[PDB]
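Let's start with one chain on its own, the form deposited in one PDB entry, as structure tokens.
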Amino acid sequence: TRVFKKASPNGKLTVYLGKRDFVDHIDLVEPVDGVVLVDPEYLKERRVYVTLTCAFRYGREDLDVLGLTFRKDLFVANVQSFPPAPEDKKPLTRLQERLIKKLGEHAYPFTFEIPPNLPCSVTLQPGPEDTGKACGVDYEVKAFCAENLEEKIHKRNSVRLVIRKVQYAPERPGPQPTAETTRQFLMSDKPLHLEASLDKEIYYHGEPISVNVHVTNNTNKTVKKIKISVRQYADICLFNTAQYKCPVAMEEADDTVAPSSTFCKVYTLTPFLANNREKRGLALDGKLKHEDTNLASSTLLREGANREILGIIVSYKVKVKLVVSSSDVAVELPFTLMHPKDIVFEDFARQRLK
């Protein structure tokens, strides 16, 4: 197997994790299981704690910073760790029993169970014009040394790392998302009928989207060209609320539809951060520099669910538009963008770009 690890500035403490991206379904959220490597001597009476903070921050770009003008803690989990507290139990995973057996007796576990209805790692990077500042929800994991819970943590024998809560939806049976609209122009009842659909409801980053477009032109006019697009919507709903709208895929085609005839065709679009990096105003599931970052996924939410608490709500839509020679006639279908998915330690730091 493969495990990521990071040590405190003074290599006296070291965290070990088997993933840096935890996949949350709807039912459950993959458990966050790891272990710390301690120096019992180096710390007399001092202890080892590990906590999991989940918070929304606005201003600078990473929670652990001193330039953000707003912050709301959405979750906190503290754990007693070096001094094994019989109180604070666990069964123990098996990347653990394994790990502990390769690190020794100074190896200590910890486990976090992230509630299911918490927002997932989403980051929105405002661009050049946009008057808003950066913001996002991050999951900080920290293991530090101290006597009491309260003494003062020091950026030295302490370690922090951002993990990620990524959303996975399985794709059900259901009907393909459809949309249609009829249009009658001035001086005539002859209609121009538009109707589109997507091959499915759920897609994953990198996965192509097929759009079945059908056009029934009873009109005496002509459809010059057709434009297909995929747009993202990001609603920052906490400190300073605002709504960002941004196209992540377009595909205009000079397809013609003559008077009194029926048209038909299948278009293929691919929303991607790569062909959008540049762009800014959109929501991502991480930082840009970080390779391994995608477009923010669709914020799932429920009945009687608190929207503000989610931080940034993200959604996608496919828009079909006919330019009729005007008032183009158009429809839009909504879809859900989701996430896919001998030891030998490896750094934790996320791989970079170019």
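In case it trips you up, residue 1 is the first one in the sequence shown, and so on. Between two forms, the rigid core is defined as the largest C-alpha subset superposing within 1.5 Å.
Annotation: of the segments 135-143 and 186-194, 186-194 departs further from this form in 5 other deposited structures of this protein (C-alpha atoms, root mean square over structures and residues, core superposition). Taking 149-157 and 247-255 in turn, the stretch whose Cα atoms are more displaced from the shown form in 5 other deposited structures of this protein following rigid core superposition is 149-157. Counting the unmodelled positions of the deposited sequence between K341 and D342 gives a long gap of 10 or more residues. Coordinates are lacking for 4 to 9 deposited residues between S325 and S326.
Comparing 185-193 with 76-84, the stretch with the higher mean C-alpha B-factor in the PDB entry is 76-84.
123-131 and 175-183 differ in mean CA B-factor, and the higher of the two is recorded for 123-131. In this entry, the residue among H290, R47, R307, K319 with the greatest C-alpha B factor is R47. Note on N220, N240, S261, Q243: the highest value goes to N220, judged by CA B factor as recorded.
Ranked by Cα temperature factor within the chain, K279 sits in the highest third according to the deposited record.
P170 sits in the highest third of its chain by CA B factor, as recorded in the PDB entry. Sorting the modelled residues of the chain by their CA temperature factor places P9 in the highest third.
In the PDB entry, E151 places in the highest third of its chain by CA B-factor. Among all modelled residues in its chain, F272 ranks in the highest third by Cα B-factor.
Note that the form solved in complex with a partner chain isn't included here; everything after this is about it.
Taking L161, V137, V213, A249 one by one, only a single residue has any non-hydrogen atom within 4.5 Å of the partner chain in the bound PDB entry, and it is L161. Partner contacts here mean any heavy atom within 4.5 Å of the partner chain in the bound PDB entry, and among 186-194, 215-223, 255-263, 71-79 they occur only in 71-79.
In the bound PDB entry, the partner chain sits beyond 4.5 Å of every heavy atom of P40.
Although the partner is absent here, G132 sits close enough that one of its heavy atoms falls within 4.5 Å of the partner chain in the bound PDB entry. Contact annotation for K152: none of its heavy atoms lies within 4.5 Å of the partner chain in the bound PDB entry.
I114 falls outside the set of residues with a heavy atom inside 4.5 Å of the partner chain in the bound PDB entry.
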